[PDB]
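Comments concern the structure below.
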Amino acid sequence: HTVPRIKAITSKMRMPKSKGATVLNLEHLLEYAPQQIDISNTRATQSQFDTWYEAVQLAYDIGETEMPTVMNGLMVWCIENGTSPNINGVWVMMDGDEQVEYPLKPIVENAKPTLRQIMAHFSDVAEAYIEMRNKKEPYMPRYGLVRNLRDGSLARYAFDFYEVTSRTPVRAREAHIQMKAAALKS
Amino acid sequence: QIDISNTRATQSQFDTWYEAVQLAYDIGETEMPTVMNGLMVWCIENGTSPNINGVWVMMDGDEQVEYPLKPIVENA
Amino acid sequence: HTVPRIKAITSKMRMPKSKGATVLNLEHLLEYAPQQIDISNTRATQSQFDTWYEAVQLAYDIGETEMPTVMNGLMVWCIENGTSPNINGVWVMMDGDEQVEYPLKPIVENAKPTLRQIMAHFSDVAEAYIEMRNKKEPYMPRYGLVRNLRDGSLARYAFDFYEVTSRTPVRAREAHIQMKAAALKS
Amino acid sequence: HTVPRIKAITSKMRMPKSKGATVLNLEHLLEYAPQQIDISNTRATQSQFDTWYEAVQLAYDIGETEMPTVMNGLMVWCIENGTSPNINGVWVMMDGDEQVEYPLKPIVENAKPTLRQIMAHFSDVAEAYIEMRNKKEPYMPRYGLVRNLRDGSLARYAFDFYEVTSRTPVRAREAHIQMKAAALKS
RNA sequence: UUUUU
RNA sequence: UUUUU
RNA sequence: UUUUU
RNA sequence: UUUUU
RNA sequence: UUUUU
């Protein structure tokens, strides 16, 4: 009489078995819903990110409360300039009309496995920041200018450490693939 | 078709790998299937090349737990 | 009833967190609006520029009031001739119909990290100066002639130390990319 | 139900055993976290450093309070000039515009196993000092000039007694390897 | 910049 | 990033 | 995976 | 078959 | 390890 429903994982499906015992736990698998970025190797683990954050905070001898401002400045600077392992010298923050420099050693030396993977944690906020800045003036990150990005509307994706995810425009995905290929090309 | 395909590890090889990875983690019979769920999802996201090294990640809710990748690749 | 607005940075966005504490300061990030050229590594820092300016002023034994004229002349000379680290000898100013030479050592030796990055601070004024000079006669900087720039309308961008920014024509950006590639090519 | 964690040192690992008894103490090994430079033979032991410091202080008949200034001067002088066992004569400090010389015998004779290994204790402070000096003028240590170091940004690593550690740039590591090979080459 | 006989 | 004289 | 300054 | 991180 | 003045 009633219309019969179907289970997400069908009852009769070939399953990995060891010693004639199912190797997976379906009860947990159905409820296991980890975000794509939390189980990606292209992004530094939470432990690695915490280690790097603590190391950089200790290197600058900066307190807990002041560190987030430094992190805002570092994210913006990385948005402008690449996050390669080779960057050296000092990165710059603007305290209004005054320029303050911080050493880049602590950031690159403690960033494991890479500074790009560490900054991947800031990818969404970098997107939002570029969106905000573009709402008030033409703000193409310098990485996009180096790559000769002509779209202009792709500025929000045109930084070195952008983490490509499932919920990104296909246009943005293709643009970033092309940009990475061009940058890696000698 | 999949039980007589060389593109798929034999049942004996799969059992050997499963036992080796279970022994490497010092994990019991009951807890291993959860680790296998996490490993399958991680492999779904990231490739299954012989070169993958470091740690693969499971999510115990909002907490990230890492397991060494050596036992998985060396015994496979 | 009323149409509901949306925040620039959405409330529910993945954020970098260390020890279950947000790593960024949104209050400051929203108000953090640093110019693109003030946080660019392709441009010498303000401290480095001040150090170079002071060093060059002291080398010439020139006063505070007379230095800006020397800087005008140096900017024009760099517009004509490249800003490579190799330039040696004397650069030239015109005191009317009289030619006065200044040693190039102090300019190149004190210019850190590079003379190009130091002259990047003069990029906008160089643009304006080339515009002005072109309004009265054909004035293509010698760097554009060496690069065989045929457009003519791109003269305003055809100098060695032009700082490419977000608000530059796409035509100018492509032209300068091609010119830099040609110059670096052996 | 819960996701099972793993121990840093797995329970079932082959261990060195003598007479069927584990030779290592895991409890202490897990907590044993000695800095890399504190267990390196390329650096004089703390006892050797104390012996050398006491010997040099006694040779100069200088008090406890005045010795650190002499040590600052000696570190800077060693930064400029090499720390070979052959250096003889007097090393120089600047008391403003006045030059004061100290005999080099006490420093080299009491420095065991080598003066380079003794000065390795000053490596980090030498790095910082070169960084500071470079922030105000081009300051390449004379050892870098003798080695013909062209990078300029590597000045902070371009002294004889630099102690290569895990947290040093790969660029700096390669540069110092090349510099040491060139210096040792006849 | 030099290197155009 | 540098390498455009 | 890394390699995008 | 392997080689897809 | 030493050998870098």
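Residue numbers (PDB author numbering), protein chains in the order written: chain Ag, 42 to 227; chain Ai, 77 to 152; chain Ae, 42 to 227; chain Au, 42 to 227.
Built from N, CA and C at the ideal position, the CB exists for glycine as well.
Rounded separation between residue i and residue j - CA only
| i | j | result |
| --- | --- | --- |
| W132/Au | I159/Au | 16 Å |
| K177/Au | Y94/Ae | 12 Å |
| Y101/Au | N122/Au | 21 Å |
| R174/Ae | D138/Ae | 18 Å |
| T86/Au | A223/Au | 28 Å |
| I80/Ag | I103/Ai | 21 Å |
| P154/Au | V111/Ag | 44 Å |
| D192/Au | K226/Au | 21 Å |
| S194/Ag | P126/Ae | 37 Å |
| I128/Au | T92/Ae | 35 Å |
| residue 26/Ae | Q89/Ag | Examination of residue 26/Ae is not possible in this model, given that chain Ae is present from 42 through 227 alone. |
| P147/Ae | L186/Au | 19 Å |
| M54/Ae | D165/Ag | 7 Å |
| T209/Ae | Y73/Ae | 23 Å |
| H42/Au | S52/Au | 22 Å |
| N82/Au | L99/Ae | 47 Å |
Contact under 8 Å by Cβ, residue i with residue j
| i | j | result |
| --- | --- | --- |
| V149/Ai | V44/Au | no |
| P182/Ae | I171/Ae | yes |
| residue 228/Ag | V117/Ai | The displayed coordinates of chain Ag run from 42 to 227. Any statement about residue 228/Ag would go beyond what the structure contains. |
| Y184/Ae | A199/Ae | yes |
| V97/Ae | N151/Ae | yes |
| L71/Ae | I50/Ae | yes |
| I120/Ag | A62/Ag | no |
| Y143/Ae | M135/Ae | no |
Anticipated Cβ contact below 8 Å, residue i with residue j, distance rounded
| i | j | result |
| --- | --- | --- |
| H69/Ae | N113/Ag | 6 Å |
| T124/Ag | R157/Ag | 5 Å |
| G130/Au | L115/Au | Rounded, the Cβ-Cβ distance is 14 Å, inconsistent with contact. |
Beta-carbon contacts of residue i that lie in its chain and below 6 Å, excluding the five residues immediately before and after
| i | result |
| --- | --- |
| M220/Ag | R188 |
| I78/Ai | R84 |
| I218/Au | none |
Same chain, Cβ closer than 8 Å to residue i, five either side skipped, listed in chain order
| i | result |
| --- | --- |
| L190/Au | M181, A196, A199, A216, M220 |
| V64/Ae | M56, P57, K58 |
Own chain partners of residue i with C-beta closer than 7 Å, once the 5 adjacent residues on each side are dropped
| i | result |
| --- | --- |
| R214/Au | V205 |
Exercise for the section: Please confirm if the stretch 191-211 of chain Ag is in contact with the stretch 154-168 of chain Ag, defined as three or more CB-CB distances below 8 Å between the two stretches. Expected result: Enough Cβ pairs lie closer than 8 Å, so yes.
Practice task
Determine contact between the stretch 106-123 of chain Ai and the stretch 58-65 of chain Au, defined as no fewer than three beta-carbon pairs at a distance below 8 Å.
Solution key: no
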